[PDB]
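A closer look at the structure
Each chain is listed here by its residues.
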Amino acid sequence: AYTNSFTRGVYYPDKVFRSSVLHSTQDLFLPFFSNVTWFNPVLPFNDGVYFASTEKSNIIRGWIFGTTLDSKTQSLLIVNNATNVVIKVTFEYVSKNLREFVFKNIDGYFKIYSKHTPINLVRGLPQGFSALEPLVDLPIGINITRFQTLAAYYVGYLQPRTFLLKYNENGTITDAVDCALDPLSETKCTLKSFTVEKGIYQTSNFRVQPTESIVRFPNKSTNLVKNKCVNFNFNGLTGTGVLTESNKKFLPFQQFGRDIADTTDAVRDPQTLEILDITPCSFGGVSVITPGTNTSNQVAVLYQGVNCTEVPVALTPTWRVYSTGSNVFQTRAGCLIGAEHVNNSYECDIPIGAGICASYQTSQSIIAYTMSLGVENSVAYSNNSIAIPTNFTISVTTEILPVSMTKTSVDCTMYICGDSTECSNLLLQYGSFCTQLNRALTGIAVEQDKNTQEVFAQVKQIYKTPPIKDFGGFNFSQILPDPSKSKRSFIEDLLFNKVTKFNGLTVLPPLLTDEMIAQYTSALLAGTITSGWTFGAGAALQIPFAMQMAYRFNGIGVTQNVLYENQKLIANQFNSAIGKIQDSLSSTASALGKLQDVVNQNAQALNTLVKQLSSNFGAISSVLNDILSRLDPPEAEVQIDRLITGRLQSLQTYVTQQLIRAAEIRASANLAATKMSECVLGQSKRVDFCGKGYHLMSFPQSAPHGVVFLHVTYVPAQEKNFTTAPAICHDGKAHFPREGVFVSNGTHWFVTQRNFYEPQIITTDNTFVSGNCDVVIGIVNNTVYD
Amino acid sequence: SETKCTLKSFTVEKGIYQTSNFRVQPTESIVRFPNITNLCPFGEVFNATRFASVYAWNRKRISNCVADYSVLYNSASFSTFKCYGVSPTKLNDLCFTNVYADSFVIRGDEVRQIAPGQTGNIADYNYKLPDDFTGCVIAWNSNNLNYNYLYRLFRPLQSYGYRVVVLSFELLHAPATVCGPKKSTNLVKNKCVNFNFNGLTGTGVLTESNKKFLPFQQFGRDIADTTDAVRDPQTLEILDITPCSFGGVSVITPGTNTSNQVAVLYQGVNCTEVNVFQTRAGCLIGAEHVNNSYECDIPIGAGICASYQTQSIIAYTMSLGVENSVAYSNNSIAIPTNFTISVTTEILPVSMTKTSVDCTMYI
Amino acid sequence: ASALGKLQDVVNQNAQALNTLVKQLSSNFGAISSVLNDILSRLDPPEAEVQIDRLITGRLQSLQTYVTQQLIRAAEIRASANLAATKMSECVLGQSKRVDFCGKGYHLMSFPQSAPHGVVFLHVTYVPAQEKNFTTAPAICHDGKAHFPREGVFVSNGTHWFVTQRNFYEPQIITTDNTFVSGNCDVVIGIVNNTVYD
Amino acid sequence: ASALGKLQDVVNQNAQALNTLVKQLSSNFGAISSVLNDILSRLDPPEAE
Ligand SMILES: *[C@@H]1O[C@H](CO)[C@@H](O[C@@H]2O[C@H](CO)[C@@H](O)[C@H](O)[C@H]2NC(C)=O)[C@H](O)[C@H]1NC(C)=O
Ligand SMILES: *[C@@H]1O[C@H](CO)[C@@H](O)[C@H](O)[C@H]1NC(C)=O
Ligand SMILES: *[C@@H]1O[C@H](CO)[C@@H](O)[C@H](O)[C@H]1NC(C)=O
Ligand SMILES: *[C@@H]1O[C@H](CO)[C@@H](O)[C@H](O)[C@H]1NC(C)=O
Ligand SMILES: *[C@@H]1O[C@H](CO)[C@@H](O)[C@H](O)[C@H]1NC(C)=O
Ligand SMILES: *[C@@H]1O[C@H](CO)[C@@H](O)[C@H](O)[C@H]1NC(C)=O
Ligand SMILES: *[C@@H]1O[C@H](CO)[C@@H](O)[C@H](O)[C@H]1NC(C)=O
Ligand SMILES: *[C@@H]1O[C@H](CO)[C@@H](O)[C@H](O)[C@H]1NC(C)=O
Ligand SMILES: *[C@@H]1O[C@H](CO)[C@@H](O)[C@H](O)[C@H]1NC(C)=O
Ligand SMILES: *[C@@H]1O[C@H](CO)[C@@H](O)[C@H](O)[C@H]1NC(C)=O
Ligand SMILES: *[C@@H]1O[C@H](CO)[C@@H](O)[C@H](O)[C@H]1NC(C)=O
Ligand SMILES: *[C@@H]1O[C@H](CO)[C@@H](O)[C@H](O)[C@H]1NC(C)=O
Ligand SMILES: *[C@@H]1O[C@H](CO)[C@@H](O)[C@H](O)[C@H]1NC(C)=O
Ligand SMILES: *[C@@H]1O[C@H](CO)[C@@H](O)[C@H](O)[C@H]1NC(C)=O
Ligand SMILES: *[C@@H]1O[C@H](CO)[C@@H](O)[C@H](O)[C@H]1NC(C)=O
Ligand SMILES: *[C@@H]1O[C@H](CO)[C@@H](O)[C@H](O)[C@H]1NC(C)=O
Ligand SMILES: *[C@@H]1O[C@H](CO)[C@@H](O)[C@H](O)[C@H]1NC(C)=O
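Our focus in this paragraph is the overall build of chain B. The helix and strand tally for chain B stands at 6 helices and 25 strands. Taken against the 2.2 N^0.38 rule, which gives 21 Å for 363 residues, the C-alpha radius of gyration of chain B at 35 Å runs more than 25% over that of a compact globule. Counting only C-alpha atoms and orienting by the principal axes, one finds that chain B spans roughly 125 × 60 × 50 Å. The buried share among the 363 residues of chain B stands at 44%. Accessible surface computed for chain B: about 19500 Å², of which carbon and sulfur atoms make up 49%. Chain B carries 27 positive and 27 negative side-chain charges, and their two centres are separated by 11 Å.

Listed per partner, the contact involves 28 residues of chain B and 56 residues of chain C. Taken together, both faces of the contact between chain B and chain C bury some 3900 Å²; the carbon and sulfur share is 64%. Together, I347(B), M352(B) and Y362(B) form the three largest contributors to the area buried by chain B at its contact with chain C, with a combined 19%. Linking chain B with chain C are 1 salt bridge, by the criterion used here. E346(B) serves as the salt-bridge partner of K87(C), at 3.1 Å between the closest nitrogen and oxygen. If you look at where chain B meets chain C, you find 20 residue pairs in polar contact. Of all the secondary structure elements, the ones that give two or more residues to the side of chain B that touches chain C are β24 (332-336), β25 (339-349) and α6 (359-362) of chain B. At 11 residues, the largest contribution of residues to the side of chain B that touches chain C is made by β25(B).

A word on the interface of chain A and chain C. Between chain A and chain C, the contact holds 37 residues from the first and 38 residues from the second. The junction of chain A with chain C conceals about 3100 Å² of combined surface from both sides, 55% of it contributed by carbon and sulfur atoms. Close ionic contact of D641(A) with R54(C) constitutes a salt bridge, the shortest N to O distance being 2.9 Å. Secondary-structure elements contributing two or more residues to the side of chain A that touches chain C are α5 (433-456), α8 (534-537), α9 (545-556), α10 (560-565), α11 (567-587) and α15 (639-680) of chain A. For the side of chain A that touches chain C, the per-class residue count stands at 13 nonpolar, 16 polar and 8 charged.

Our next topic: the sheet that holds strand β4 (residues 35-38) of chain A. All names here are of chain A. Taken in spatial order, the 7 strands make up an open sheet running β1-β4-β15-β6-β11-β12-β13, and their pairing is antiparallel. On the outer flanks of this sheet lie β1 (2-4) and β13 (133-138), each paired with one strand and no other. Here the strands of the sheet are splayed against their neighbours by 25° on average, with no regard to which way each runs. For strand β6 (residues 48-53) and strand β15 (residues 153-157), the ladder comprises 5 bridges, and the chain directions are antiparallel. Bridge pairing in β15 links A52 to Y154.

Our focus in this paragraph is a nonpolar patch on the surface. Taken together, the side chains of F339(B), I341(B), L108(C), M109(C) and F111(C) make up a nonpolar region of the molecular surface, amounting to roughly 450 Å² of accessible area. Listing elements by their share of the nonpolar patch, those giving two or more residues are β25 of chain B together with β1 (106-115) of chain C. With 3 residues, β1(C) is the largest single contributor of residues to the nonpolar patch. Within the secondary structure, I341(B) sits in strand β25. For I341(B), a relative accessible area of 52% translates into the label exposed.

Moving on to the sheet that holds strand β22 (residues 312-317) of chain B. Residues and elements named next belong to chain B. The 4 strands lie next to each other as β19-β22-β21-β20, forming an open sheet whose pairing is mixed. Either end of the sheet is taken by a strand with one partner, and the two such strands are β19 (288-289) and β20 (298-301). The pairing of β20 with strand β21 (residues 304-309) spans 3 bridges and is classified as antiparallel. For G301, the partnering residue across the bridge sits in β21 and is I304.

This brings us to the UniProt feature "disulfide bond" in chain C. Residue and element names in this part refer to chain C. In this model the annotated disulfide between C91 and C102 is intact, with an S-S distance of 2.0 Å against a 2.5 Å threshold. Here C91 is found in helix α3 (residues 45-92), whereas its partner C102 is found in the loop between α3 and β1, with 11 residues between them in sequence. With relative accessibility at 2%, the residue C102 sits in the buried group. At 2.0 Å between sulfur atoms, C141 and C185 form the disulfide that UniProt records. One end of the pair, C141, is in strand β4 (residues 140-141); the other, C185, is in the loop between β9 (179-181) and β10 (192-193), and 44 residues separate them in sequence. Accessibility expressed as a relative area gives 13% for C185, which makes it buried.

Residues and elements named next belong to chain A. Here helix α6 (residues 490-498) crosses α11 at 20°, and the two axes come no closer than 10 Å. Here α6 lies roughly parallel to α11, going by the angle between them. Pair α6 / α11 crosses with left-handed handedness. Every residue of α11 that contacts α6 at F490, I491, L494, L495 and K498 is listed here: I581, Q582, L585 and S586. Of the residues contributing to the contact of α6 with α11, the split by class is 6 nonpolar, 2 polar and 1 charged.

To continue, consider the UniProt feature "disulfide bond" in chain B. Residues and elements named next belong to chain B. Annotation check: the disulfide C95-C179 recorded in UniProt is satisfied, the sulfur-sulfur distance being 2.0 Å, below 2.5 Å. Overall, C95 belongs to the buried group, its relative accessible area being 5%. Formation of the UniProt disulfide linking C192 with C244 is confirmed by an inter-sulfur distance of 2.0 Å, under the 2.5 Å limit. With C192 in the loop between β9 (178-179) and β10 (193-197) and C244 in the loop between β14 (238-242) and β15 (246-253), the pair connects residues that are 52 residues apart, well separated along the chain. A residue is classified by how much of its surface remains accessible, and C192, at 8% relative accessible area, is buried. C244 sits in the buried class, given a relative accessible area of 7%.

Analysis parameters
Residues numbered from 1 in each chain as written, not as in the entry; some residues may be left out. Chains lettered and ligands numbered in written order. Part of a larger assembly, values for the part shown. Heavy atoms only, no water. Residues with missing side-chain atoms left out of burial classes, pairs and counts. Helix = DSSP H or I, 4+ residues; strand = E, 2+ residues; numbered from the N terminus. Rg over C-alpha atoms; globule rule 2.2 N^0.38 Å. Buried < 20%, exposed > 50% of the residue type's maximum accessible area, 1.4 Å probe, protein only. Areas by Shrake-Rupley, 256 points an atom, 1.4 Å probe, with all protein chains shown as cover. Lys, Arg positive; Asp, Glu negative; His and termini not counted. Charge placed at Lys NZ, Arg CZ, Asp CG, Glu CD. Contact = heavy atoms within 4.5 Å. Buried area = accessible area lost by both parts, 1.4 Å probe. Salt bridge = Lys/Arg side-chain N within 4 Å of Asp/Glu carboxyl O. Polar contact = N/O pair within 3.5 Å; in protein donor to acceptor, adjacent residues only side chain to side chain. Nonpolar A, V, L, I, M, F, W, Y, C, P; charged D, E, K, R; others polar. Pairing = 2+ DSSP bridges. Axes fitted to C-alpha atoms, helices over the stretch in contact; angles between N-to-C directions. Patch = residues over 30% accessible without salt bridge, like charges linked within 9 Å, V, L, I, M, F, W, Y side chains within 5 Å. Disulfide = S-S within 2.5 Å. UniProt positions renumbered as here; feature names shortened; annotations may be inferred. Parallel < 35°, antiparallel > 145°, perpendicular 65-115°, else oblique. Left-handed = near helix turned anticlockwise from the far one by under 90°.

See below:
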């Protein structure tokens, strides 16, 4: 009776050869997963017919097409047999397995496509994909409405559909996507890819269509319909909207009502004293929320800014799943279909709006929730209790900053006209727009090199680390260059591996090559390791790395003996943090998304500029050669003028957006240069500038069009509670700590530094006397030993 | 002097200036047409014994023949000959897909009604032309050669008491079948030439290709919708299409104050198509390569700099700095015993010139 | 005169933009003539509007291009002015510890001067000049006690040990007023025997 | 009522931009009318294009 068509009924839309390209084509195709009748009887033709036959003995012989099939009409008749393919109409032409055919009538011509493939022993249509290659074409121009076949054969009907075909390495289509099958397929068609990464993509526009037409004239009349999206005509007022009764008080001479933006929002009925409130019909965006196609094919649909009652009204059965289902949720962003509401607050996975986030979680499905800002905490605050850390962790943080773009120069004249004297002469009448665009692009290109030079070329000499790596136990082998293998470090190789000329388009090479950038980075690293911050102020002054770390603890507020007593532990923590950085870089590739974003943006803009050359712009054709060879010069100056206008507008848009992006990249490069000067060439006291924690030091690494900063910081780990006092009274005189806080466990009072519990006996050396004991609030009684 | 013209100055400061573009010109013209000689049956359409009425216009399909529109447009007997979207002069050069021939008889007042976008009873009830009509209409006096020429007035034939021929084409993508009297030309390869293939012209390099064209395929296309390959009309061979070399031209100058020698860089152009140095930025002509490394004077690209030095223009790989090895050890420290006071000047823009433009008065 | 290029560059860009905008007026933009007076004199009012519209479109496009370029340039100049004001607040009105924010070396002061459409900062900084080699230790081991320097580092002129500040060689006798005790000599790596004067 | 000026300036600028964009729909741009329906049902299909 009926069976599933799976992914059958696809052919080559034209004779143009394509390879390794995903092509989107709108043509009469057989919709995926449609119902194809399984069977002599006469059948309708409609706009097209798909045919199939698993005839083991080739019982099926031929076909008949026509309108009445007997007299008074012309009928096509094929008696394709094992000897000679015979076709008759006026026109005569002579020329287990699964045979497929496609018949269509696009005005003229009668196209036939065919395919012959082996199959296993199955009853229904097999799975997999296949391509139908045209065999013959009949320029008959005959009207056909019914047809017949002259023993199990399937019949399908073609429909006008948009498909995305994936051409393989050599001209053959390997896969196809039916755009209207379901929201995931529409997302694939919109992104022009067969894989979709996790996110939310605004794929379509939803609009409520009018239900009928209303004509109103004073005493062609029609009844007045309210409370629904209806097309109306009020004495020449052509518009579409929802009509509701108004509480407005129109003056008797007034016939229309307009808002601030001069849009008619109220109307008066010509035949009655009724004032109707014109409200625009519902519209908005349609976004598809998906996890990665690697994880699941489930999607949710968000209709933006509409109630959950209008989404049924104004498709394939696969899409109808995403219109009802009781999962229907209403949020201030719009209507969600396909996602569960759990009212459990989690971290945001995919934003929706108004504090709503969606995630793919466990049977796994899509859940919508209110995003959690963080884990609750109440600090045990009291006027005599202090928390002091007794340990620490050395943390290494990675910061990534873009520094430059790709230097692209667009040949203005060759892009607009291109090897065309007539078009160039016509373009000469537009002035200096072309020179302006060239100058702007050249300025951007020079600015990119300036950005790179100002970020990296900051060291005056090329420092070399000594061959003996006696850096107090710290291990820099993963960030120092390896001569035995570019000469890039391990992390730099990881970064470069991870991150990855016609029509008047040229790409200029950068002035500094990656080897030179790596040499700058190596010089900075060697200078920092062997001298500290002295090389950024004057000549590089050598100092042992342990003493430099003692300097940096003194800078963050921790005494030197802490380092000199935990030197092995700190070195091990730093080495483990570096190893963790290496492991994370090897595993995940989402950290380098800041440079990849710039690369993708530039590539997409350039691709749009290239594709704009195929636009007609209201001319005869988009090809100047075709226009010139088809039309005479006096009448070919209009189509060429339209092409000039369109291409000039496109180029101006590209140049403007390039200038804005160049400004953004220049800001990023200025920030990167500031971070190199302050984080790498010194120790910064600005909070959260060189990473989270107390900044100890930093290391630069080069990445494609960017720099990566490894921020070594200090993080206190294990706090403990103590009793504290602002001052202590010994001999009627208040004593204050010279540097630190007063603490007490439960019996005795000591003085300790703030960031590391190290209690010393209170002494006149540790404290200073100031004032009397009758003024300080919270003073406690104790003794000070001299 | 080209740099001087570009900069609108008689003196140029040292640096590199882009002046113009270099493009390889085509060598010869190639016309490759199928070896088909049978003439199209225009006589059977323009010399028929009679024509049908306006409501029963007959169509004749013209294909697989060589058409000669010169005989058509060189005849003064045709009273009206106006063509839309195509030129009668270029009709012979153009090669079409499927030529149609519609014949009917109308009176003089309805001749102008046979035109795209024209309204009226004749156009709206008998024969309407598309808004994107390609082809044209031919009419001539026929009062010499009688009530068999009817006219439909309602949509109802109200017969009363000029022979018209209409041609239609579609030059968009389909393989061409009706060519003109153009002659074929031998095929050359590996040289930038001007080529014509069944109607679409171009300029580029034709080479042997390994593309696996299917038997029904006529030409190839790239990602950016550019004709990358083609099939020879006379031979089953497949020819690639590569654009002729092009690029920008930059002039490295030490300054007209210092000297008058210049260097020329062809950006992205291999030295073959152009004291010749090949760099990753292009072909450098006029500068001598030096193995020594100096500080960058005039940038070129990919770590290459140019400088006026012993006196000639030299091109080198820039030196990133002076090498230094810090005498690092675990028990040695370097401490300064003196100092210098340094005063450094920093310049920062703060504002521009405030300008106001009256849009109405300017325009 | 190339030291003041930035202000000269800004002046040159503004003048070039204005000059190009003025020169754009003498362009046909597809019309038969580039002057409305001659267009109106030659053609009748019904058909002069055809050319007037082309001139209007071209001049509007040129004006919009000029205004957009000016907006981008003004955003850049605003960023530069914000940087200049920050330098004014942090380097003339105070002494900044940020590295290379105001000159190379340890910032001592800065002086402002006015330049056409700009400001000039004279950054006075301190730069160490003549370094010398010394033998150093992280700490010195007295009779069972490990002594660390309060402010500076230990140095040795071959035979004897002193304590000196970091940025200037000013050796001083090691005393209990110069060093502080923390722990014993076993834990510290690189400790050196010496004596501390009390 | 003047301390919170920057936020008010941003809001006013955005609202003015949106209002101007909407108001431009009533502009004529050299056509016979700014109403697309009037343009359609006032001329023949080819001259209305
Ligand atoms: C420290 O540096 C200063 C300045 O470089 C030296 O002062 C110079 O000394 C030489 C030799 O005595 C004189 O000829 C110069 O005239 C001095 N210049 C100035 C500005 O006074 C000084 O000698 C160096 N050494 C010490 C120990 O101060
Ligand atoms: C052509 O494409 C097929 C994939 O369908 C591939 O297996 C084959 O290696 C390619 N090349 C040739 C010469 O067949
Ligand atoms: C849904 O409808 C209610 C009233 O029925 C309305 O208050 C609410 O704003 C609507 N939702 C949205 C997103 O507009
Ligand atoms: C969350 O939803 C569940 C439904 O199973 C319900 O039982 C629970 O009360 C809800 N929580 C809140 C806070 O409303
Ligand atoms: C501090 O933490 C380290 C490991 O992070 C370990 O030595 C121990 O847990 C702590 N050390 C002391 C002395 O408490
Ligand atoms: C430093 O780490 C690398 C890899 O983590 C290791 O191969 C090397 O042995 C380490 N250095 C030392 C001195 O152990
Ligand atoms: C300090 O006391 C508070 C409240 O008594 C407690 O919540 C906190 O855990 C204590 N801190 C430590 C380190 O035990
Ligand atoms: C507090 O610390 C001192 C340190 O000398 C110790 O003697 C005393 O027993 C401690 N008391 C408590 C309650 O921990
Ligand atoms: C802390 O606050 C409590 C609450 O009144 C008070 O009794 C106590 O004296 C205060 N202690 C100090 C040291 O201020
Ligand atoms: C501290 O000691 C003095 C003298 O013994 C006494 O007057 C004062 O009240 C004491 N303070 C407290 C808080 O007990
Ligand atoms: C046209 O040329 C091809 C190749 O030389 C040849 O095979 C073919 O027979 C020719 N056509 C005719 C009609 O001879
Ligand atoms: C340039 O042409 C030569 C000779 O054909 C060739 O060897 C070389 O690979 C080409 N490219 C470059 C960058 O030299
Ligand atoms: C420069 O180096 C290349 C490569 O080793 C060599 O062939 C050439 O002779 C050298 N020229 C000079 C002048 O040193
Ligand atoms: C210090 O010692 C190193 C190595 O012995 C030597 O190169 C250097 O000249 C000496 N003096 C200074 C001021 O660095
Ligand atoms: C080191 O300095 C001390 C004190 O200035 C001096 O007595 C001694 O002779 C010096 N030794 C050398 C080798 O310079
Ligand atoms: C410094 O390193 C060397 C190894 O070259 C070692 O012999 C020496 O003992 C180290 N210094 C100290 C103070 O341990
Ligand atoms: C330092 O002195 C102690 C005690 O006098 C002694 O045990 C130790 O061996 C000495 N170390 C050196 C390196 O002289």
